[PDB]
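Encoded as structure tokens, the following chain is the form deposited in one PDB entry, with no partner shown.
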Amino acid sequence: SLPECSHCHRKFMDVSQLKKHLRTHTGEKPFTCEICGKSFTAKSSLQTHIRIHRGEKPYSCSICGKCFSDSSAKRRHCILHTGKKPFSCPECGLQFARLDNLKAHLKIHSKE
């Protein structure tokens, strides 16, 4: 009997996580950047965005040393040092390291 959203009927760990999810249906962004004025849905997104203004890149690759202000961009980059390409085109067989690029490569097949 986890807290269930009345709109989309999905459930969450506690009532505070549901209240945070309520904003995905309303579009409310209550965390505003003081520098540029852009607003964000979560405080952790605002803290990440502020590091862009200040040039703070604490996330660095242990293999090549490339630095990132965004922890997900660093996590996404470090995978490239493994060379894995787990996404294969169903039409031509071209393999991609990222699903975003196969999505784009399926468009060129759609327009043939």
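Note that residue numbering begins at 1 and tracks the sequence as displayed. In this text, rigid core is short for the largest set of C-alphas that superpose within 1.5 Å between two forms.
Participant: On mean Cα temperature factor in this entry, is 6 to 14 or 85 to 93 the higher one?
Facilitator: For C-alpha atoms only, the mean B-factor is higher in 6 to 14.
Participant: Grab the CA temperature factor for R75 from the record and place it in the lowest, middle or highest third of its chain.
Facilitator: It falls in the middle third of the chain.
Participant: So where's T26 on the chain's Cα temperature factor ranking, which third?
Facilitator: Tercile = highest for this residue's CA B-factor.
Participant: In terms of the chain's CA B-factor thirds, is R98 lowest, middle or highest?
Facilitator: Highest third - that is where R98 ends up once the chain's C-alpha B-factors are sorted.
Participant: If you rank the chain by CA B-factor, which third does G65 end up in: lowest, middle or highest?
Facilitator: Within its chain, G65 is a highest-third residue by C-alpha B-factor, going by the deposited values.
Participant: How does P58 rank on Cα B-factor within its chain, lowest, middle or highest third?
Facilitator: Answer is middle: the recorded C-alpha B-factor places it there.
Below, we refer to the form deposited in another entry, which is not included among the displayed structures.
Participant: Can you spot, among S16, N101, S88, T24, the one with a CA shift of 2 Å or more between this form and the one not shown after core superposition?
Facilitator: Among the listed residues, the outlier is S16.
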